[PDB]
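What follows is a single structure, written as structure tokens, with notes after it.
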Ligand SMILES: [Cl-]
Ligand SMILES: [Cl-]
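Numbering (PDB author numbering), first residue to last: 1 to 162.
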């Protein structure tokens, strides 16, 4: 188990433009295209992202390329963030995967805001972190995925994914 396999399970793979759980136009492996209510705008972004006239449909290979770029950006976003970097540095490999997953899903800025949980994570207070993470919109909107990430963070093992 690794971050790639972990996110591929959490996000699935879709080759045609679709709406995410928030209702945003997405594609591939959780690749958000735009928050705008327009499919054309989505198609525009899609074509610009892929570099060809796609017509709202891509290949597996294209989905995987977007996915590689997105995981990479998530990591780099973490390392560049003053609030996140130190948390990350202090964690074991499994738990880093948990943090990366949250970032990929909610953006750096979003996670950077979980002030209290970041502190608990840093103090390695696992059970408390788990409780605190659960009191969030994130958990209430996507509970199964959230439970998976939380267990990973709490336990430091890949059990929730096995
Ligand atoms: Cl892009
Ligand atoms: Cl869910």
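A virtual CB, placed ideally from N, CA and C, is assigned to each residue, including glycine.
Discussion item. Can you determine whether any heavy atom of ligand 1 sits closer than 8 Å to the C-beta of residue 122, and answer yes or no?
Written reply: Looking up residue 122 in the chain shown gives position 122. No, since every heavy atom of ligand 1 falls outside the 8 Å radius drawn around the Cβ of residue 122.
Practice prompt. Could you say if the segment 146 to 156 and the segment 97 to 107 meet the contact criterion of at least three C-beta pairs nearer than 8 Å?
Written response: Counting Cβ pairs under 8 Å, three or more are found: they touch.
Worksheet item: Between residue 17 and the rest of its own chain, which residues show a CB-CB distance below 8 Å, the 5 nearest in sequence each way excluded?
Response: As a first step, residue 17 is located in the chain shown; it is residue number 17 there, counting from the start. Here the set comprises 25, 26, 27, 33, 39, 42, 43, 46, 56, 57.
Item to complete: To the nearest angstrom, report how far apart residue 15 and residue 106 are at their CA atoms.
Response: The residue you call residue 15 lines up with position 15 of the chain shown. The residue you call residue 106 lines up with position 106 of the chain shown. The straight-line gap from Cα to Cα measures roughly 22 Å.
Fill in: Any heavy atom of ligand 2 within less than 5 Å of residue CB: hits in chain order
Checking every Cβ against the heavy atoms of ligand 2 under 5 Å gives 142, 144, 145.
Worksheet entry | Distance cut-off 8 Å: residue 49 Cβ against heavy atoms of ligand 4 | With respect to ligand 4, the structure shown offers nothing to examine, as its ligands consist of ligand 1 and ligand 2.
Item to complete: Could you tell me the distance, in whole angstroms, from the CA atom of residue 103 to the CA atom of residue 79?
Response: The residue labelled residue 103 in the question sits at position 103 within the chain shown. The residue labelled residue 79 in the question sits at position 79 within the chain shown. C-alpha separation (whole angstroms): 11 Å.
Worksheet item: Any heavy atom of ligand 1 closer than 8 Å to the CB of residue 69?
Response: Within the chain shown, residue 69 is the residue found at index 69, counting from 1. Answer for residue 69: yes, Cβ within range of ligand 1.
Practice prompt. Could I get the ranges of all uninterrupted alpha helix (DSSP H) runs contained in the segment 86 to 133, with 4 residues as the minimum, in chain order?
Written response: Correct list: 93 to 106, 108 to 112, 115 to 122.
Worksheet item: For residue 148, which of helix, strand or coil comes out of DSSP?
Response: Here residue 148 corresponds to residue number 148 of the chain shown, with the count starting at 1. Here residue 148 carries a helix assignment [DSSP, helix/strand/coil].
Worksheet item: Between residue 122 and residue 87, is the Cβ-Cβ spacing less than 9 Å?
Response: Taking the first residue of the chain shown as position 1, residue 122 is located at position 122. Taking the first residue of the chain shown as position 1, residue 87 is located at position 87. Yes; because the gap between Cβ atoms is below 9 Å, this pair is in contact.
Item to complete: For residue 29, count neighbouring C-beta atoms within 10 Å of its own C-beta (all shown protein chains included) and say buried if the count is 16 or more, exposed if not.
Response: Sequence index remark: in the chain shown, residue 29 carries index 29 (1-based). By the Cβ-count criterion, residue 29 is buried, with 16 or more other Cβ atoms from all chains shown falling within 10 Å of its own Cβ.
Discussion item. Using only the alpha-carbon positions, how far apart do residue 90 and residue 139 sit?
Written reply: Along the chain shown, one-based indexing puts residue 90 at 90. Along the chain shown, one-based indexing puts residue 139 at 139. If you take the alpha carbons of residue 90 and residue 139, they lie about 24 Å apart.
Practice prompt. Tell me whether residue 58 sits in a helix, a strand or coil according to DSSP, three-state version.
Written response: Your numbering for residue 58 matches position 58 in the chain shown. Judged by DSSP in its simplified three-state form, residue 58 adopts coil rather than helix or strand.
Discussion item. Let me check one thing: in DSSP terms, what residues is residue 25 bridge-paired to?
Written reply: Here the question's residue 25 lines up with position 25 in the chain shown. According to DSSP, which records beta bridges pairwise, residue 25 is partnered with 19, 34.
Worksheet item: In angstroms, rounded to a whole number, what distance separates the CA positions of residue 119 and residue 125?
Response: Residue 119 sits at position 119 when you count from the first residue of the chain shown. Residue 125 sits at position 125 when you count from the first residue of the chain shown. Across the structure, residue 119 and residue 125 are spaced so that their CA atoms are roughly 9 Å apart.
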